[PDB]
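What follows is each chain in one-letter form.
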Amino acid sequence: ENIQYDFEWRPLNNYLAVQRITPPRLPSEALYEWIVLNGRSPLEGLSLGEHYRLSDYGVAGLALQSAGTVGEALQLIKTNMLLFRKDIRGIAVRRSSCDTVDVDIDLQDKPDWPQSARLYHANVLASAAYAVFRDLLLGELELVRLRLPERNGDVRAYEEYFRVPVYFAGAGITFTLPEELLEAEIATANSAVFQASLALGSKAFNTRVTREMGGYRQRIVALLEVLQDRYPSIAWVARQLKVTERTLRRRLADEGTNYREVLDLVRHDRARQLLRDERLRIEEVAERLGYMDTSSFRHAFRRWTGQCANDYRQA
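Some details on the overall build of the protein
- The secondary structure content of the protein amounts to 16 helices and five strands.
- Taking the principal axes of the C-alpha coordinates as reference, the protein spans close to 75 × 50 × 35 Å.
- A burial count over the protein gives 45% of its 315 residues as buried.
- About 17900 Å² of surface is accessible on the protein, with carbon and sulfur atoms providing 46% of the total.
- Computed over 43 positive and 43 negative side-chain charges, the inter-centroid distance for the protein is 6 Å.

As structure tokens, this is what we get:
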């Protein structure tokens, strides 16, 4: 029983309301087609693209908003699991040796649509993607360049709209960004909301984003880092990643690790700052690192470094 919520339905109808137009698997798919095929100019696609709000992308959009950096937001975008994914064949992010990054949007074919409708369509996706970039990823900096699909036409109205150089060539859409943007902070970053929001995504979304973010080890490390002083069971972690414990163990084993080793890496790292703090007793360091008593911590710490905790604190 596959039932999807139709997030695109409202913004489509908002466009129709604004333009005073009356309309005759998801209901939005047929409506979108009708709007596109009845467009009187490809430029109208730019207006329709404006009607997609970040909130229209649902919990995936919340993850984007709360991501730590622009680079991390682009990892989520690369999963191709946002609104237009049926119409997008793939999204690539390519580093250049030219201090720029290309975000390439590859579009699915529309062989039954005429050439004007296909240009209209590309403008909708470009305008909507631009809105996301603008509100969230650009901030102060600007787009270097925008490439839209080849046609015989003037670029003026597009440079008017996007306020950056634009040209027509090839297939799909490419946004060129300054490379330094990737490490820039997202203004609404919130790592707790980000991790929580990923966990609310679908099984398929979770598998894909885990891959794009660097794999299961990295995913678990990021999750534990947000949980500043909690050390969850593998059961709880598997739940957050939308996988069974068995699957998680296996995928960790493929990356050549295991859950206990990942947990202890985070604990060891955290213990570095705790055993320098002169105000804490070893007892308090143990409790903070999730151990049930001091002796179990001492044995673990010994196992990590090969040195005793009190001797380490001095040296």
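Describing a nonpolar patch on the surface
- A cluster of nonpolar side chains, contributed by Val-59, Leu-62 and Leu-200, occupies part of the molecular surface with about 250 Å² of accessible area.
- Examined against the element boundaries, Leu-62 turns out to sit in helix α4 (residues 59–66).
- Look at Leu-62 and you get partly exposed, because its relative accessible area is 37%.

Side note on α4
- Listing the buried residues of α4 in full gives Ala-60, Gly-61, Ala-63, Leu-64 and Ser-66.
- Where α4 is buried, its residues touch α5 (70–78), α6 (115–138) and α8 (191–200).

Considerations on empty space enclosed by the protein
- Empty space within the largest cavity amounts to approximately 250 Å³.
- Contributing to the lining of the largest cavity are 17 residues, with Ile-77, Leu-82, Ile-88, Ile-91 and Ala-129 lying nearest its centre.
- Those elements that place two or more of their residues in the lining of the largest cavity are β1 (88–95), β2 (100–107) and α6.
- A per-element tally of the lining of the largest cavity places α6 first, with five residues.
- When the residues that make up the lining of the largest cavity are grouped by side-chain class, the tally is 15 nonpolar, one polar and one charged.

Re the pairing of strand β3 (residues 145–148)
- In this structure, β3 lies alongside strand β5 (residues 173–178), joined through three bridges in antiparallel fashion. Within β5, the residue paired with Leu-146 across the bridge is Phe-175.
- With respect to chirality, the unit in which β3 leads through helix α7 (residues 156–162) into the neighbouring parallel strand β4 (residues 166–168) is right-handed.

Digging into the UniProt feature "domain: HTH araC/xylS-type" (unreviewed entry) in the protein
- Taken from the UniProt record, the annotation "domain: HTH araC/xylS-type" (unreviewed entry) applies to residues 218–315.
- The straight-line gap between the two end C-alpha atoms of residues 218–315 is 31 Å; of that span, 68% is helix and 0% is strand.

Examining α5
- Those residues of α5 that sit buried are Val-70, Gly-71, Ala-73, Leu-74, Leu-76 and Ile-77.
- Looking one or two residues past α5, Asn-80 carries a phi angle of roughly 50°, positive in sign.

Considering unusual backbone geometry
- Residue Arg-20 is not a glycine yet carries a positive backbone phi of 60°.
- Here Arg-20 shows up in the loop between α1 (9–18) and α2 (27–37).
- Located in the positive-phi region is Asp-99, a residue other than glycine, with phi close to 55°.
- Along the chain, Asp-99 falls in the loop between β1 and β2.

About the thresholds
- Residues numbered from 1 in each chain as written, not as in the entry; some residues may be left out.
- Heavy atoms only, no water.
- Helix = DSSP H or I, 4+ residues; strand = E, 2+ residues; numbered from the N terminus.
- Buried < 20%, exposed > 50% of the residue type's maximum accessible area, 1.4 Å probe, protein only.
- Areas by Shrake-Rupley, 256 points an atom, 1.4 Å probe, with all protein chains shown as cover.
- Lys, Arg positive; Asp, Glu negative; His and termini not counted.
- Charge placed at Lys NZ, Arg CZ, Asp CG, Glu CD.
- Patch = residues over 30% accessible without salt bridge, like charges linked within 9 Å, V, L, I, M, F, W, Y side chains within 5 Å.
- Salt bridge = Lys/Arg side-chain N within 4 Å of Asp/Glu carboxyl O.
- Contact = heavy atoms within 4.5 Å.
- 1 Å grid on protein atoms, 1.4 Å probe; cavity = no way out; pocket = protein on both sides within 12 Å on 5 of 7 lines; lining within 4 Å.
- Points joined across faces, edges and corners; volume = space filled by probe spheres on them.
- Nonpolar A, V, L, I, M, F, W, Y, C, P; charged D, E, K, R; others polar.
- Pairing = 2+ DSSP bridges.
- Right-handed = clockwise from strand over helix to strand, strands pointing away.
- UniProt positions renumbered as here; feature names shortened; annotations may be inferred.

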